[PDB]
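One structure is given below, encoded as structure tokens.
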Amino acid sequence: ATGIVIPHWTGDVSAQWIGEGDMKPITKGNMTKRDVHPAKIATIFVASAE
Amino acid sequence: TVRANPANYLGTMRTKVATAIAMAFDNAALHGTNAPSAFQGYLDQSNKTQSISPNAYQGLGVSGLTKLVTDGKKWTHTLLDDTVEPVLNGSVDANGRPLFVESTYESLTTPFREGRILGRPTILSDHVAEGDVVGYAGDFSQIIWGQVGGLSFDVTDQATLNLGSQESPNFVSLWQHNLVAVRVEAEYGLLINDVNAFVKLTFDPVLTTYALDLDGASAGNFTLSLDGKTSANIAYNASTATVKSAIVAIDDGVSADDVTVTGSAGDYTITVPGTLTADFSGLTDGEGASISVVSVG
Amino acid sequence: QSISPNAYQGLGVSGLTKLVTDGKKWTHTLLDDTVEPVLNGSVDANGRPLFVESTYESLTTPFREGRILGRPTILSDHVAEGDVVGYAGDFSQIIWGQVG
Amino acid sequence: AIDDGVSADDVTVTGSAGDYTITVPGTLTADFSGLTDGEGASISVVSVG
Amino acid sequence: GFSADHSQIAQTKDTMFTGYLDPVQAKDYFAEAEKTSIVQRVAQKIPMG
Amino acid sequence: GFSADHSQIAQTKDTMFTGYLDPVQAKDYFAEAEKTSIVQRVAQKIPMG
Numbered sequence: 051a052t053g054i055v056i057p058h059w060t061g062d063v064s065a066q067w068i069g070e071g072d073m074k075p076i077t078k079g080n081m082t083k084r085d086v087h088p089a090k091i092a093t094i095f096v097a098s099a100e
Numbered sequence: 101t102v103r104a105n106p107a108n109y110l111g112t113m114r115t116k117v118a119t120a121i122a123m124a125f126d127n128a129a130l131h132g133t134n135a136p137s138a139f140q141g142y143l144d145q146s147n148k149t150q151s152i153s154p155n156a157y158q159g160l161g162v163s164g165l166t167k168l169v170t171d172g173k174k175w176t177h178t179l180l181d182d183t184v185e186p187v188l189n190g191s192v193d194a195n196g197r198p199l200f201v202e203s204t205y206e207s208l209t210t211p212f213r214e215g216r217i218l219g220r221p222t223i224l225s226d227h228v229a230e231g232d233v234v235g236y237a238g239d240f241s242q243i244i245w246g247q248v249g250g251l252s253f254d255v256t257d258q259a260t261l262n263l264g265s266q267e268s269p270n271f272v273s274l275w276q277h278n279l280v281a282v283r284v285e286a287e288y289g290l291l292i293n294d295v296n297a298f299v300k301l302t303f304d305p306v307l308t309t310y311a312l313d314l315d316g317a318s319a320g321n322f323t324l325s326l327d328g329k330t331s332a333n334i335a336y337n338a339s340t341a342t343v344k345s346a347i348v349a350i351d352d353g354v355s356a357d358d359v360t361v362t363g364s365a366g367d368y369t370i371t372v373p374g375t376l377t378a379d380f381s382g383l384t385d386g387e388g389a390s391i392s393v394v395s396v397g
Numbered sequence: 150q151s152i153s154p155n156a157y158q159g160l161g162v163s164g165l166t167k168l169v170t171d172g173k174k175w176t177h178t179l180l181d182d183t184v185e186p187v188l189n190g191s192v193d194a195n196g197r198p199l200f201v202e203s204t205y206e207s208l209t210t211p212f213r214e215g216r217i218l219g220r221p222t223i224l225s226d227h228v229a230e231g232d233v234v235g236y237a238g239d240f241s242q243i244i245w246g247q248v249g
Numbered sequence: 349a350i351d352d353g354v355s356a357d358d359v360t361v362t363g364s365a366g367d368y369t370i371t372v373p374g375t376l377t378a379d380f381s382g383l384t385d386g387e388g389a390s391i392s393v394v395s396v397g
Numbered sequence: 002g003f004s005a006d007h008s009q010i011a012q013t014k015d016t017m018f019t020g021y022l023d024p025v026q027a028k029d030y031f032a033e034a035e036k037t038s039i040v041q042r043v044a045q046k047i048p049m050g
Numbered sequence: 002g003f004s005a006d007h008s009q010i011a012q013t014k015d016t017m018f019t020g021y022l023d024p025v026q027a028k029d030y031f032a033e034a035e036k037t038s039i040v041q042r043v044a045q046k047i048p049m050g
């Protein structure tokens, strides 16, 4: 009933082929949060007690 | 941040670097974009190419396959970019009927799509294409690969990192800035036995350019051979116009409009439609000489 | 029998006629891999392929195999010589054996 | 020697000097326009095969 | 049918409940299955050291 | 990074390690398995002496 929140990934992470003594590269991710809230649907119906 | 681990960012990076490392294997094996010197050759080096856009069934099944079987080589798999599928479906007879009733399917466990084409296993994927090339077809048993143990993770809070390059440094001390770094490492080997065993697939026809090098003892003769048909003998010292004449003289008769030649005696660039090959057996050095495809661009 | 312009009219009519009119069966074929681009690209008068029939690998075998016009068919890398690129007939007429 | 797809032993030929018989794949054609005497000089299909 | 911050009725919409209504954090459902390399699916794997 | 035979850092690129780094020998992976004859696959085998 609180809803849900989802961390959608969006980052281009990248790796490199590297020589024996070569200097290894630095990388970083990326995200955007998305949230889902419930909603109600309802109806009423009616009759005589007879 | 490492205390908080928001959205499980640290555990998520450890899987998404593995995908980056997998992606970086294909681009090193197919296109060779940033391969290590230890990888011997890559599929873009092949001297066989084919067009598909007017009729993909003719392309893969006849004009393409002929270049393999007339050279004595098998066709066993194909890799296609997702952008090929509209052109594949768009292949029709001259009454508008589809040529591929044979068709391709999803996976519950992998992001690819997979199926059969003319009986061969076929993979469709979102990143096969680069530049002019949209896929590959050939004998994938000519390729072997291996991995040296598991994907490896180290963590440190004491190291000093260069955020620049070795030509223009920019250091940060992790310990003085209260930072933490994770270092991820893997190790693979690849060999392609015969790069000439595969056909590069493209939407529409192009000329192929070749570097021809006779570095070696400077007397004797060689034969060119274009689309499996072989020239007369060409001497070591032959001119560009001599070579152009010796190519067009082959009896499928590609025009002096199609062929072009540049360079000097003993060192040439050739541009032609179709597959070019050479045999140096008849030079005084039949081993130093070579021919290869120019990665033109 | 030539097969070059149209392999279906080659095997399935022109070829088969020469066997049934002589009172002999057709039960297998051997074909060179250089015939597969002639099996493919056999088409009608407006461009559609004639064979939907097709052939497959097997896990411990160098050959490729399938059914063509119902008959078991083998594709192989060395069966062609000279002008000849394949054989069709009643292979039950051949017996062989090995000693030791 | 036409080249341009034409190749050795695609072809064989018999008969006299002039009034030749020719055998080939595909469509044969003849241009007698430089053969100044032969205003009716002609190519005849004898048979397919 | 009422505004948020209506003078007479308590609603989950009301600004007074801000930060008591936090969603649960969940997995990324929209991301695809992780892309392995197509070459390793078709090429032969061998033992290596 | 660094040259082979760098003056300060030891690497297995260096000429001093020649012959200490020999590869493991392996099976031929590029040849297909040994080939049977096509006639023996379609013809009838009989007992013989």
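Protein sequences, first through last, are from chains A, B, C, D, E and F. For the first sequence, the entry's author numbering gives the first residue as 51, with consecutive numbering after it. For the second sequence, the entry's author numbering gives the first residue as 101, with consecutive numbering after it. For the third sequence, the entry's author numbering gives the first residue as 150, with consecutive numbering after it. For the fourth sequence, the entry's author numbering gives the first residue as 349, with consecutive numbering after it. For the fifth sequence, the entry's author numbering gives the first residue as 2, with consecutive numbering after it. For the sixth sequence, the entry's author numbering gives the first residue as 2, with consecutive numbering after it. We put the beta carbon where it would ideally sit given N, CA and C, even for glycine.
Item                                                                                                                                                                          : Value
According to DSSP, is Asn-155/B part of a helix, a strand, or is it coil?                                                                                                     : coil
Relative to the alpha-carbon of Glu-35/E, which residue among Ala-122/B, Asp-126/B and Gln-145/B has its alpha-carbon at the smallest distance?                               : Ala-122/B
Within a Cβ cutoff of 8 Å, which residues of the same chain sit near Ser-392/D, ignoring the five residues on either side of it in sequence?                                  : none
Can you tell me where the alpha helix (DSSP H) with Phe-125/B in it begins and where it stops?                                                                                : 109–129
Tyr-21/F CB to nearest chain E CB: under 8 Å?                                                                                                                                 : no
Excluding five sequence neighbours on each side, which residues of the same chain lie with their C-beta closer than 6 Å to the C-beta of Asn-155/C?                           : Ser-191
How would you call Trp-175/C, buried or exposed, if buried means at least 16 neighbouring beta carbons within 10 angstroms?                                                   : buried
Leaving out five residues on either side along the sequence, give the residues of the same chain with a beta carbon under 7 Å from the beta carbon of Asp-357/D.              : none
Tell me the start and end of each unbroken beta strand (DSSP E) in the region 268–322 of chain B that is at least 3 residues and wholly inside, in chain order.               : 271–273, 281–285, 288–292, 298–302 and 308–313
Can you give the Cα-Cα distance for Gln-45/F and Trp-245/C, rounded to whole angstroms?                                                                                       : 6 Å
Listing by chain order, which chain E residues have their CB less than 7 Å from the CB of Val-43/F?                                                                           : The premise fails here: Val-43/F is roughly 30 Å from chain E at the closest Cβ pair, so nothing lies under 7 Å.
Is the Cβ-Cβ distance between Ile-243/C and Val-25/F less than 8 Å?                                                                                                           : no
For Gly-235/B, count neighbouring C-beta atoms within 10 Å of its own C-beta (all shown protein chains included) and say buried if the count is 16 or more, exposed if not.   : buried
To the nearest whole angstrom, what separates the beta carbons of residue 93/B and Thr-377/B, a pair I think is in contact under 8 Å?                                         : This structure cannot settle anything about residue 93/B, because the visible part of chain B is limited to 101 through 397.
Quick check: what's the CA-CA separation for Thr-222/C versus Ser-241/B?                                                                                                      : 24 Å
Which residues of the region 58–83 of chain A have a Cβ closer than 9 Å to any Cβ of chain F? Give them in chain order.                                                       : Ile-68, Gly-69, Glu-70, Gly-71, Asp-72 and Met-73
For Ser-252/B and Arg-283/B, I'd like the C-alpha separation in whole angstroms.                                                                                              : 8 Å
Answer yes or no: does any C-beta atom of chain E fall closer than 8 Å to that of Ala-129/B?                                                                                  : yes
Just to confirm, are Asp-23/E and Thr-52/A a CB contact at a threshold of 8 Å?                                                                                                : yes
With 16 other CB atoms within 10 Å as the buried threshold, where does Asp-126/B fall?                                                                                        : buried
What are the start and end residues of the alpha helix (DSSP H) that includes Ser-345/B?                                                                                      : 340–348
Quick test of your reading: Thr-183/C and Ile-217/C, contact by CB under 8 Å. State the CB separation rounded to the nearest angstrom.                                        : Between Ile-217/C and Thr-183/C the Cβ distance is about 16 Å, and since that is not below 8 Å, they are no contact.
In the region 5–39 of chain F, which residues sit with their C-beta less than 7 Å from some C-beta in chain C, listed in chain order?                                         : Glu-33, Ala-34, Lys-36 and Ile-39
Where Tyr-368/D and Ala-346/B are concerned, what is the direct C-alpha to C-alpha distance, given to the nearest angstrom?                                                   : 32 Å
With DSSP run on the structure shown, which of helix, strand or coil describes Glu-35/F?                                                                                      : coil
Could you check whether the Cβ of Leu-261/B sits closer than 8 Å to any Cβ belonging to chain A?                                                                              : yes
Output the distance between the C-alpha atoms of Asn-147/B and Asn-195/C, rounded to the nearest integer angstrom.                                                            : 32 Å
Cutting at 7 Å between CB atoms, please list the residues of its own chain near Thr-13/F, excluding the five before and the five after it.                                    : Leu-22
Of all Cβ atoms in chain B, is any one closer than 8 Å to the Cβ of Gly-353/D?                                                                                                : yes
Excluding the 5 residues preceding and the 5 following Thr-210/B in the sequence, name in chain order all residues of the same chain whose CB lies nearer than 7 Å to its CB. : none
Work out the CA separation of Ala-32/E and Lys-78/A for me, nearest whole Å.                                                                                                  : 18 Å
If you measure between the beta carbons of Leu-326/B and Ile-292/B, is that distance less than 8 Å?                                                                           : no
Using a Cβ-Cβ cut-off of 7 Å (strictly less than) and excluding sequence neighbours within five positions of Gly-363/B, which residues of its own chain qualify?              : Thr-340 and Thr-369
Would you list, in chain order, the members of the region 286–299 of chain B that have their beta-carbon closer than 7 Å to a beta-carbon of chain E?                         : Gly-289
Who pairs with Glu-214/B in a beta bridge, going by DSSP?                                                                                                                     : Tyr-205/B and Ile-223/B
With distance defined between alpha-carbon atoms, name the residue in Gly-250/B, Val-272/B and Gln-266/B nearest to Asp-257/B.                                                : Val-272/B
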